[PDB]
Amino acid sequence: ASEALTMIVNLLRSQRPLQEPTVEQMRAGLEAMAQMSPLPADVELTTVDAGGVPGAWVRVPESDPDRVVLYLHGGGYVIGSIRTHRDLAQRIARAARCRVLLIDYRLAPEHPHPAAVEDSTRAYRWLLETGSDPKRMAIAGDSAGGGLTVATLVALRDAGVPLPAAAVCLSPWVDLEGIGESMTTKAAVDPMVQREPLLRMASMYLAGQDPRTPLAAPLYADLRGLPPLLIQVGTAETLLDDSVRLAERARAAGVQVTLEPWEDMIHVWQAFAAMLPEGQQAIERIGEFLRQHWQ
């Protein structure tokens, strides 16, 4: 991997964003880290009420105004915000040549499952209500937001809502128990995600609900009929086997899955694209995949 990976690893091993002592310190810590990425002057951000869910439209000069990604940020269902993920959103907008709707879905512990899924589905329905066409749409998200992407598709499908052209999951979190093999075998190389913080956040999100509740943990959901999926994951991830198991489940359900394991990459490495070449390479691939499914 690029030597730049070492710089990102060193940042993460010191900041330990998922290990802050309180939820508010975790939230603030991630916001502080996100501030480090230079947000380009050509990005246009417009706040919107996306049918009862706050959001921001993220547009760049070459955004096709009729193509839209609904972007579901990471943060364990507990942290993250429009501020933390606006840079990743604009990078995707730029690569896919589309608009991104970045939503502020309800967070746990204040608002446990199923609040996040209610909000994601509501935002998607609002996009349809306001004139976006499924064939020009996609849903994407990282980490918890990658799990949320799958859950949102399931819930939309089950409600008879037309599904979008494609979806993208970046290091998705789909196993709230942390029982994948890599949770043990990649613990040494993962500078961000370990089982203890995952269980901590899962508890906040679940509020005592079964950790295999399908819309919370879509490893246990019925995935038949989902649109083409791209799953990007790094091999230096405790969450590697979340992606592997998701791909297995989706393919078994007839979904057209592309599982892309990026050698030596860390969790949501795409977010570090300002400094990490593989991050920008992976984002370019996301744009290629989306544009292909929108042809």
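As recorded in the entry header, the structure was determined using X-ray crystallography to a resolution of 1.20 Å.

The name the PDB entry assigns to the chain is EstD11, from the organism uncultured bacterium. Each PDB entry has a title, and for this one the record gives "Structure of the Hormone-Sensitive Lipase like EstD11".

Q: Before we go on, may I ask you to explain the overall build of the chain in this structure?
A: In terms of regular secondary structure, the chain is built from nine helices and eight strands. For the chain, the C-alpha radius of gyration of 17 Å lies close to 19 Å, the compact-globule estimate for 295 residues. The 295 residues of the chain split such that 59% are buried. Restricting the contact set of the chain to residue pairs at least 6 apart, pairs at least 24 apart contribute 79%. Accessible surface, the chain: about 11700 Å² in total, of which carbon and sulfur atoms supply 50%.

Q: Explain the state of the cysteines here, please?
A: Note on terminology: disulfide describes a covalent bond linking the sulfur atoms of two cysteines. One pass over the structure, following the stated rule, counts zero disulfides. There is no disulfide at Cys-98, and the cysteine sulfur nearest it, in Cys-169, is 16 Å away. On the basis of relative accessibility, which here comes to 0%, the residue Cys-98 falls in the buried class.

Q: Mind showing me how you'd approach the pairing of strand β4 (residues 98-103) here?
A: In regular strands, side chains alternate between the two faces of the sheet. The element β4 is largely enclosed, with a buried count of six among its six residues. The alternating pattern of β4 places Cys-98, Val-100 and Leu-102 on one face and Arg-99, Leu-101 and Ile-103 on the opposite face, and all of these are buried. Crossover strand β3 (residues 64-72) to β4 through helix α3 (residues 82-96) is right-handed.

Q: Where do I start with the packing of aromatic side chains in this structure?
A: A ring pair, where both rings are aromatic, is described by two values, the distance of the centres and the angle of the planes. On inspection of all chains with the given rule, the structure shows four aromatic pairs. A centroid spacing of 6.3 Å and a plane angle of 40° characterise the contact between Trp-57 and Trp-126, whose relative ring orientation is tilted. Here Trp-57, found in strand β2 (residues 54-59), pairs with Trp-126, found in helix α4 (residues 115-129); they are 69 residues apart in sequence, far enough to count as distant. The exposure classification of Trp-57 matches that of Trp-126, with both residues buried. An angle of 45° between the planes, with centres 5.6 Å apart, marks the rings of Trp-262 and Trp-269 as tilted. Each member of the pair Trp-262 and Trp-269 is classed as buried.

Q: Please explain the side chain of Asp-242 as it appears in this structure.
A: Relative to the helices and strands, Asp-242 is located in helix α8 (residues 240-252). Judged by relative accessible area, which is 2%, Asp-242 ranks as buried. Polar side-chain contacts of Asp-242 include one of 3.0 Å to the side chain of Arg-245. Other than its neighbours up to four places away in sequence, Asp-242 contacts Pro-172, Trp-173, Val-174 and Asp-175.

Q: Could you clarify how one ought to interpret the nonpolar core in this entry?
A: A general tendency of soluble globular proteins is for nonpolar side chains to be buried together. Among the nonpolar cores identified, the biggest contains 79 residues, and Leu-70, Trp-173, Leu-223 and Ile-266 are the most heavily contacted of them. If you tally residues by element for this core, the top one is helix α5 (residues 144-158), at eight residues. Sequence-distant contacts of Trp-173, defined by excluding residues within four places in its chain, comprise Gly-76, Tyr-77, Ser-143, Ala-144, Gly-147, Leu-198, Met-201, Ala-202, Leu-239 and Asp-242.

Q: Would you mind going over the pairing of β3 with me for this structure?
A: Pairing analysis gives five bridges linking β3 to β4, with the strands arranged parallel. Bridging across to β4, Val-69 finds its partner in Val-100.

Q: Mind showing me how you'd approach unusual backbone geometry here?
A: Excluding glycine, most residues fall at negative phi; most peptide bonds, likewise, are trans. That bond from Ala-108 to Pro-109 is cis: its omega, 0°, falls within 30 degrees of zero. By the element assignment, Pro-109 lies in the loop between β4 and α4. Here the amide bond leading from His-113 into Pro-114 is cis, since omega sits at 10°, within 30 degrees of zero. Inspection of the secondary structure puts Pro-114 in the loop between β4 and α4.

Q: Sorry, what's going on with the pattern of salt bridges here?
A: Taken as a whole and judged by the stated rule, the model has 16 salt bridges. For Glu-31, the salt bridge is made with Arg-83, and the minimal N-O distance between the two is 2.9 Å. You can see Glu-31 sitting in helix α2 (residues 23-34) and its partner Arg-83 sitting in helix α3, a full 52 residues away along the chain. With relative accessibility at 28%, the residue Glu-31 sits in the partly exposed group. Classification of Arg-83 by relative accessible area gives partly exposed; the value is 45%. We note a salt bridge from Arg-212 to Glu-177, for which the minimum N-O separation is 2.9 Å. Note that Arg-212 is positioned in the loop between α7 (195-206) and β7 (229-234) and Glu-177 in the loop between β6 (166-170) and α6 (182-185), a separation of 35 residues in sequence. The exposure class of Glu-177 is partly exposed, given its relative accessible area of 22%. Each of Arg-106, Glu-118, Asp-119 and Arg-122 takes part in a single network of salt bridges with overlapping partners.

The rules behind the values
- Residues numbered from 1 in each chain as written, not as in the entry; some residues may be left out.
- Heavy atoms only, no water.
- Helix = DSSP H or I, 4+ residues; strand = E, 2+ residues; numbered from the N terminus.
- Rg over C-alpha atoms; globule rule 2.2 N^0.38 Å.
- Buried < 20%, exposed > 50% of the residue type's maximum accessible area, 1.4 Å probe, protein only.
- Contact = heavy atoms within 4.5 Å.
- Areas by Shrake-Rupley, 256 points an atom, 1.4 Å probe, with all protein chains shown as cover.
- Disulfide = S-S within 2.5 Å.
- Right-handed = clockwise from strand over helix to strand, strands pointing away.
- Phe/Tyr/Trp six-rings, centres within 6.5 Å; stacked < 30°, edge-to-face > 60°.
- Polar contact = N/O pair within 3.5 Å; in protein donor to acceptor, adjacent residues only side chain to side chain.
- Core = buried A, V, L, I, M, F, W, Y, C linked by side-chain atoms within 4.5 Å.
- Pairing = 2+ DSSP bridges.
- Salt bridge = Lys/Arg side-chain N within 4 Å of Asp/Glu carboxyl O.

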